[PDB]
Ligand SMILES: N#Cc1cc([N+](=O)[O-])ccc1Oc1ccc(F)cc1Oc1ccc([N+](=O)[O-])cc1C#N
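Listed next as structure tokens is one chain, alone, in the form solved without this ligand.
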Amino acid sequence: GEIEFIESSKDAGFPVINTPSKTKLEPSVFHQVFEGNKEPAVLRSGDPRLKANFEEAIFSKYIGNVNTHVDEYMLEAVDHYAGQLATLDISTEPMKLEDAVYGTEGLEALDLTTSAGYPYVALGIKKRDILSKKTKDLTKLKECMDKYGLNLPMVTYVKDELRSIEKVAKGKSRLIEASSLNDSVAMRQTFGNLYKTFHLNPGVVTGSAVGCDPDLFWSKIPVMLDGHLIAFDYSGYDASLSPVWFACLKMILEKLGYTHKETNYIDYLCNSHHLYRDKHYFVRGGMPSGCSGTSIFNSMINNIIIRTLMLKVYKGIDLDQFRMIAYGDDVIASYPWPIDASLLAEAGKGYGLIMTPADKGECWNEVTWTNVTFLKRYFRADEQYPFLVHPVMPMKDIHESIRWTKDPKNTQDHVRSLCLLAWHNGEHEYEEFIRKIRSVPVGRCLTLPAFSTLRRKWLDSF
């Protein structure tokens, strides 16, 4: 992806978008009881923790585009992946408006707490002013979509989240795009059945884990990925994507039966128009993370990418024995024979992708079931039921999360969610976690699940 044109918003009649200046993250009551290093990401240029220029840093992931056409390796990758998706009988019929907006099996209702995008954000019109969970009203939405149309600018926000010491100092805060409510709804109508099918079928046919439940999905992963593991990191996957990869995605969707007209929204994602504060700018390439479907579309492109790289380096590869699962940029994969991921990474560089060893490792080491991670979680077979696999979020990450809060009124839900992650680290670690929680008076006011209850419910879920 590449920023192609920037101008002052006032020169085009756009008002300044007044987005937050302060973080909503504050130290929690557990901030002293636990250790951590992360702090809220930089949100503004004058932040005293900066050791770099903020605005250059947040837009630096737009590293440019490689300008090639769809080549022979991409074509075969698209064909192979299309054959897999064909077995799922994805409907290309539009999803009915009430289902696309207010919820159906496999597609949660449109999130009413996130930004309504342009022009609503400049008019004081929130999603709740248009939509109604209680009534499922569609009449105001119909009025708004008729009045303001489609293909509206995206609004760029800086993500308010905890980041490492290094990412705070370098100002490398993440950007999230808000599609206009109008475009979010239209994309959910166009692709909602695809979204539903992916959410309902995480695994090695979709090549997707979007919407998975790690407590359950984890025991399936080693059954599906029964060869030599392949894993690696991307640097700035979304913004690195060149238009050629969106062309590949359009080819895949048309093989699924979408019309050329129905794939036009992929052009809306690839060649995009944005408002950031007082600026208005155009981008060619890059996935605008936060628009409708970007996790699923990133995952589908990743399925095309890895197959392309394998075909290009290993002529004679048999993709019918390759298996992979992606969640956006995050990939875990396997092949019955060893594969040199450093060769893949060099092939990736030729396509404008930045690939490095898994989990910030220094060398291209062997990926094993002991050291592999997916969605930041390790894989640990249960001692007693060895066919059941614990997803293991490191306690370090649980400690980082519990030390901050965006709303202490939600303390009970926050801590309980962390308990559901922590107990997979074993009973001694969970006991210690609970004890430290309870060393603060708030902690003894909370309903915390017992280790044995967590284990019993997990075992019973299978």
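Numbering starts at 1 and follows the sequence shown.
Not pictured, yet referred to below: the form deposited with this ligand bound.
Mapping the unseen interface onto this chain, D129 falls outside it, with no heavy atom inside 4.5 Å of this ligand in the deposited complex.
In the deposited complex, this ligand lies farther than 4.5 Å from every heavy atom of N182.
Looking at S292, you'd find a heavy atom of it within 4.5 angstroms of this ligand in the deposited complex. Using a 4.5 angstroms limit between non-hydrogen atoms, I296 touches this ligand in the deposited complex. Screening 258 to 266, 182 to 190, 163 to 171, 76 to 84 for residues having heavy atoms within 4.5 Å of this ligand in the deposited complex returns a single hit, 182 to 190. Interface residue among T104, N151, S219, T114 relative to this ligand in the deposited complex, by the heavy atom within 4.5 Å criterion: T114. Between this ligand and the residues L88, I317, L110, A381, the one pair within 4.5 Å by heavy atoms in the deposited complex involves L110. Using a 4.5 Å cut-off on any heavy atom, the residues of 185 to 205 that reach this ligand in the deposited complex are, in sequence order, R188, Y195, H199.
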